[PDB]
Amino acid sequence: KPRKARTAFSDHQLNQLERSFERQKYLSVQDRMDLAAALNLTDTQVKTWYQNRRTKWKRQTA
DNA sequence: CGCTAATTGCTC
DNA sequence: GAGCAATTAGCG
């Protein structure tokens with residue numbers, strides 16, 4: 001059952017994703033597209049990173 | 001094993 | 001169509 005290769009984010013991409021998460025828990029479609037373009041990532045990579053980041057946030061705080 | 005990226009299937 | 005919970009799975 002073919003799956004996508006696991007993305008290895010750069011330190012730069014991870015730093016900028018985390019900065020985005022400290023500013024906003026959720027992104028609008030426009031904020032997601034601006035962030036994907038700025039980080040040379042796909043819209044779905046950013047969406048999924050934000051979803052998995054909220055899961056971790058919930059576990060560590062809840 | 002632990003961290004976390006990707007997948008699935010459901011709610012809303 | 002975005003979120004979320006449960007899950008699968010890559011890599012250090």
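Each chain gets a letter, A, B and so on, in the order its sequence line appears, and its residues count up from 1.
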Asks: Using the rule side chain to side chain contact (heavy atoms under 4.5 Å, CB included), only one of A/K47, A/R53, A/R54 pairs with A/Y50; which is it?
Replies: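 Among A/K47, A/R53, A/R54, the one that satisfies the side chain to side chain contact (heavy atoms under 4.5 Å, CB included) with A/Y50 is A/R54.
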Asks: Does B/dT8 have OP1 or OP2 sitting under 4.0 Å from an N or O in the side chain of A/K1?
Replies: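 Affirmative; the distance criterion is met.
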Asks: Do A/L27 and A/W57 sit in the same hydrophobic cluster, where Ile, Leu, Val, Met, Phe, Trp and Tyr count as joined when their side-chain heavy atoms come under 4.5 Å apart?
Replies: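 Same hydrophobic cluster.
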Asks: For DNA chain C, what residues of residues 36-57 of chain A have any heavy atom nearer than 4.0 Å?
Replies: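 A/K47, A/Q51, A/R54 - these, ordered by number, are the residues of the stretch whose heavy atoms sit under 4.0 Å from the strand.
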Asks: What are the residues of residues 4-22 of chain A, sorted by number, that bring a heavy atom to within less than 4.0 Å of DNA chain B?
Replies: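 Heavy-atom cutoff 4.0 Å gives A/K4, A/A5, A/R6, A/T7, A/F9.
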Asks: Under 3.5 Å, is there a donor-acceptor pair linking the side chains of A/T55 and A/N52?
Replies: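 The criterion, which ignores hydrogens and geometry beyond distance, is not satisfied for A/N52 and A/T55.
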Asks: Please report the distance, rounded to the nearest Å, between NZ in A/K25 and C1' in C/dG3.
Replies: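 Going from NZ in A/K25 over to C1' in C/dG3 covers 11 Å.
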Asks: With a 3.5 Å distance limit and no angle check, can you tell me whether A/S20 reaches the backbone of A/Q16 through a side-chain donor-acceptor pair?
Replies: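 Absent.
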Asks: Closest approach of A/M33 and A/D43, non-hydrogen atoms and distance?
Replies: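 That closest heavy-atom pairing would be CA-OD1, 3.4 Å.
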Asks: Where each residue is assigned the nucleotide of DNA chain C containing its nearest heavy atom, which of A/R32 and A/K58 is assigned the position nearer the 5′ end?
Replies: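 Checking each residue's closest nucleotide, the 5'-ward one belongs to A/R32.
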Asks: Could you check how far CZ of A/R3 sits from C1' of C/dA9, rounded to whole Å?
Replies: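 Those two atoms, CZ and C1', are 5 Å apart.
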Asks: Establish whether A/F21 and A/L14 are linked, either directly or via other cluster members, by ILVMFWY side-chain heavy-atom contacts under 4.5 Å.
Replies: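 A/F21 and A/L14: one cluster.
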